[PDB]
Structures are given as C-alpha cells and as structure tokens.
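Just one chain follows, in the form deposited in one PDB entry, and it is written as structure tokens.
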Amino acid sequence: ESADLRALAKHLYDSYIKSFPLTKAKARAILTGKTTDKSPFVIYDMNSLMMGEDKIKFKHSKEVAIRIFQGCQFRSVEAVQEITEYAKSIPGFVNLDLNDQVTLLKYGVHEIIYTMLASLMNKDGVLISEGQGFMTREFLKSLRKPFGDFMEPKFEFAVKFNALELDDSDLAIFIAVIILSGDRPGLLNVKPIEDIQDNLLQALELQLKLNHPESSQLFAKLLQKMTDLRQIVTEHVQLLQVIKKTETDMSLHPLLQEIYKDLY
C-alpha cells in the first residue's frame, strides 16, 4: 500500500505546481538571495509605498490602508480560484455531492490561504505582487486602527508554521487534508469525505516521515497547527465586521461575501 500512498503524494504535488503560480520554493529563493530569482522592492514607510506604486507592476485615490485592504481582496479572490482548481484534482472530490463540494470550499479556502501565505512571510514582512514587492511587518502594524491589526496574527502564525520547514510537496498533501474535513457545518454525507481524508492523512504521514526523517512527530506537530488556523479566521471575520460598519462605501468582493455568509 506504500506505493499507492507515494503515487498519491506525487499526484497532489504535480497538481499543486500546476495550480499555484508562486510556490514556497520560489518565495524562499526571493527572500533569501538566490540568483535563480530576482530581488523585490521593499515597502517600509509611507514614502516608499508611493515609490512602489510606480516601481511595482500591480495586477489590479483613497486612503493608504484602504488601498491595501482592497489589494488583499483581489489576491484573495485569485487564491480562491487557485484553491478551487486544486480541489478538483484531489481524487474523489468532484464525485462528492455538489452541496458538500461548495461547503468544503467555503470553509477551507481561508485556512489554506493563511497556510500558503506563511510561505510568503518571514518575521520581517511578506511578499506581494507575485513576489515583486515586499511589505514590512512593522509598516503594516502602524496603519491606522483597526487596519493595522489585520496582519499581525498572520505573521505570528507564519513564524510558528515556518519553523516546521515544510516544502511544497508536504504542503500539497496538507492543504488537501484541510479541504477534505468531514467536520464542516452543514455537510450532507460526512462518510465519503472522511474516507478520502483518511487516505490523504496516511499519504501526508508517510510523506513527512520520508521527507523529514530526522524531524520527530512532524505529523502530529503539523496537525495541531489547525488550532492556530481557525483562530486566525475567527479574528479576521471579527475585524471585517468592524470595517463593514465603519466604511459604508466599501463592500467585500461578491465571491468573498458568499464565502463569509453564514460562516459558522
């Protein structure tokens, strides 16, 4: 059966590479100093942010904190698209009842977004604009309340998560585990979801033993990270509700509204 779990690890890694254009491997090459990739422009104060608008080519007049809020929406919407495409490659996912597919995505996308965003972070800041830019943790922390408090729990989680030193092939199986959670609210057929996740769990466990043979209990350490993930979602939802009440000239992207509607 080991050969089957290895073929599943290989399948998920291959689909991960095809679904996510900016991998952890490329993110680390950018952050460290490697010559396979090029150096980002660093935004650290109000001054350099304006220089960065003219220096960084962005994919997508208001206040600075508002402009960053809107920027993260566009990337997050893109992330949902990438995650959805990846979910369809997880064997058995598309054969599930359609309402459960929707439900698994609705509750899984943000847990995956924060997981993969850790690949883009270090203790000092986060890559932006497919890695062309780098915004510092202290600069985001200084933005006017309550916008300045949006990213800090993500950084704190990323520092703990990155200490596990997972690579993309590990992360491919782990985010599949996250998607296939039989405990999501409103699921209709829990059993076929759990059966798929049990297989994904055995594949993840084997991958972690083979890939990190001197990292004891990495499987257990990784699984316990779900506590931090859900706390982030919880806090993030709370801050979004403050923004909704204080900025009535803004709305979340419709795709994100649907994800957050009746969540928990």
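Residue numbers here begin at 1 and follow the sequence given. Rigid core: the largest C-alpha set superposing within 1.5 Å between the two forms.
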property	result
Stretch with greater C-alpha deviation in 9 other deposited structures of this protein, 92 to 100 versus 136 to 144 (rigid core superposition)	136 to 144
Farther-lying stretch by C-alpha RMS in 9 other deposited structures of this protein, rigid core as reference, of 189 to 197 and 125 to 133	125 to 133
Other entries modelling both neighbours but not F58, at least a third	yes
Residues of the deposited sequence that sit between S61 and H60 yet are not modelled	4 to 9
Which of 88 to 96 and 71 to 79 has higher mean CA B factor, as the PDB entry lists it	71 to 79
Segment of higher mean CA temperature factor, 120 to 128 or 142 to 150	142 to 150
Residue selected from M51, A203, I196, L218 by maximal Cα B factor	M51
CA B-factor ranking of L222, expressed as a third of its chain	lowest
Chain-relative CA temperature factor third for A65	highest
B-factor third for the C-alpha atom of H236 within its chain	middle
Ranked C-alpha temperature factor of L208 among modelled chain residues, by third	middle
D170, C-alpha B-factor rank within chain (lowest, middle or highest third)	lowest
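What comes next is about the form solved in complex with a partner chain, which does not appear here.
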| query | finding |
| --- | --- |
| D167, heavy atom within 4.5 angstroms of the partner chain in the bound PDB entry | no |
| Residue contact check: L105 to the partner chain in the bound PDB entry, 4.5 Å heavy atom | yes |
| Any non-hydrogen atom of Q101 within 4.5 angstroms of the partner chain in the bound PDB entry | yes |
| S142 within 4.5 Å of the partner chain in the bound PDB entry, heavy atoms | no |
| Whether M46, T136 and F155 all lie within 4.5 angstroms of the partner chain in the bound PDB entry by heavy atom | no |
